Amino acid sequence: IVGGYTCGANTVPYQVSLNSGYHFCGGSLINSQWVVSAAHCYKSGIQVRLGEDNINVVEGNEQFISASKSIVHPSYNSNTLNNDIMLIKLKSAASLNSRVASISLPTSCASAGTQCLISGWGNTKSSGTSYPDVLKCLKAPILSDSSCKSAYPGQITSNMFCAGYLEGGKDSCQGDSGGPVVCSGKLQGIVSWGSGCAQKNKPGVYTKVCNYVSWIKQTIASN
Ligand SMILES: NCc1csc(-c2cccs2)n1
Ligand SMILES: [Ca+2]
């Protein structure tokens, strides 16, 4: 997260870190045994880390649970990043509490202008590289479809939305990938892509989660 703020330990209780020897992506806990992330975060050997603030220090609220299976969306295209969504099942159910909690799926799509919370352990620099240990947060509005399409000609599908600031300075970045965009207590987006970070006229692009609720529910119901 570039130009954000330190969230505070366990203030974003649905935020997960995906770890394969190191943090490589964010995710969102949607029930005791399932995590939503980006399809571009797919790899083998994933351990889900819940209750994290400082990802380099065991602070006492963590739960570390290996993934039993990952399910990339059947229509995910890695070139265009269309349908950039994946489900991860935990080998055992997380113990839910005030610091490790699920986030609700949307019942409706959030509109442009809606104010949301984006979070992650991604790069905090727009030019350099600096990775934080503690969770960073950014309040950002959803942008209009037209402004999103004008920012990225030929690249925005009906499964994507832009959020952030056209002036730059405040954005998600590498390592925030797969993490949450939450609006009114619902998971509306997944950190998907962009062009650099916090650059003028290049806001973050996010997977439009409301399009996938039926797939998520049916997949969970049979897996
Ligand atoms: N600025 C949006 C965004 C989200 S993930 C991301 C990057 C991934 C790799 C380099 S940059 N950029
Ligand atoms: Ca920790």
Side-chain angles (χ1 to χ4, degrees), residues 1-4 6-13 15-19 21-29 37-43 47-65 78-81 84-86 94 99-100 116-143 147-148 151-152 155-156 160-181 188-209:
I1 302 287
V2 179
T6 297
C7 302
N10 312 115
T11 57
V12 188
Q15 171 83 55
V16 315
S17 170
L18 303 183
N19 185 288
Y22 45 86
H23 168 88
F24 69 88
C25 271
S28 303
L29 189 68
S37 188
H40 82 258
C41 292
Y42 163 77
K43 58 162 67 180
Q47 186 186 60
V48 177
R49 300 194 153 204
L50 311 184
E52 288 280 16
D53 189 44
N54 191 317
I55 53 170
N56 272 146
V57 180
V58 177
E59 298 180 294
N61 293 298
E62 299 94 345
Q63 298 176 46
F64 300 162
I65 308 177
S78 55
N79 296 142
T80 63
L81 297 182
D84 192 12
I85 186 167
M86 172 187 51
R99 295 181 176 77
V100 177
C116 308
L117 181 70
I118 309 177
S119 48
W121 289 277
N123 190 358
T124 60
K125 301 293 192 67
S126 59
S127 284
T129 299
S130 186
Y131 286 87
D133 299 296
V134 301
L135 188 64
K136 298 293 181 166
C137 275
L138 174 65
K139 285 181 179 185
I142 295 176
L143 300 177
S147 72
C148 190
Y152 297 101
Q155 301 160 76
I156 306 302
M160 299 172 189
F161 68 90
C162 287
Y165 299 89
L166 294 178
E167 66 262 39
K170 292 195 285 183
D171 197 8
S172 60
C173 204
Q174 192 175 359
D176 295 320
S177 294
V181 181
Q188 293 284 354
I190 295 164
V191 181
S192 185
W193 65 275
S195 183
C197 311
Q199 303 299 304
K200 188 174 167 184
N201 292 127
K202 294 293 179 184
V205 186
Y206 300 91
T207 310
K208 189 167 173 168
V209 173

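Order of listing sets the numbers, starting from 1, for every ligand and every atom in it. All values below come from the heavy atoms of this structure, side chains included, with hydrogens, waters and symmetry mates left out. If you read the sequence from its start, that first residue is 1, and numbering goes on from there.
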OH (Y42) with more than 12 external heavy atoms under 6.0 Å: no
Enumerate the pairs of nitrogen or oxygen atoms, one from ligand 1 and one from the protein, separated by less than 3.5 angstrom; state names and distance to 0.1 Å.
from     : atom 1 : to   : atom 2 : distance (Å)
ligand 1 : 1 (N)  : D171 : OD1    : 3.4
ligand 1 : 1 (N)  : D171 : OD2    : 2.7
ligand 1 : 1 (N)  : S172 : O      : 2.8
ligand 1 : 1 (N)  : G196 : O      : 3.1

Under a 3.5 Å cutoff, is there a donor and acceptor pairing between the side chains of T6 and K136? yes
I'd like to know: is the Ca ion (ligand 2) within the 3.0 Å range of an N/O/S atom from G51, strictly under that distance? no
Hey, is the main chain of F64 close enough, under 3.5 Å, to the side chain of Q47 for a donor-acceptor pair? no
Side chains of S119 and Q15 only: does a donor on one sit below 3.5 Å from an acceptor on the other? yes
For the Ca ion (ligand 2), which N, O or S atom of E52 is at the shortest distance? OE1
Got a sec: is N54 within less than 3.0 Å of the Ca ion (ligand 2) via an N/O/S atom? yes
For the Ca ion (ligand 2), find the closest N/O/S atom on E62 and give its atom name. OE2
Does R99 CZ have over 12 foreign heavy atoms under 6.0 Å away? no
So which atom in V2 and which in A198 form the shortest heavy-atom distance, rounded to 0.1 Å? CG1-CB, 3.6 Å
side-chain contact (heavy atoms from CB on, under 4.5 Å) between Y206 and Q188, intermediate numbers included: CA-CA 9 Å; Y206 300 91; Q188 293 284 354; over 6 Å; no
Taking atom NZ as the centre, does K43 end up with more than 12 heavy-atom neighbours from other residues, nucleotides or ligands that are less than 6.0 angstrom away? yes
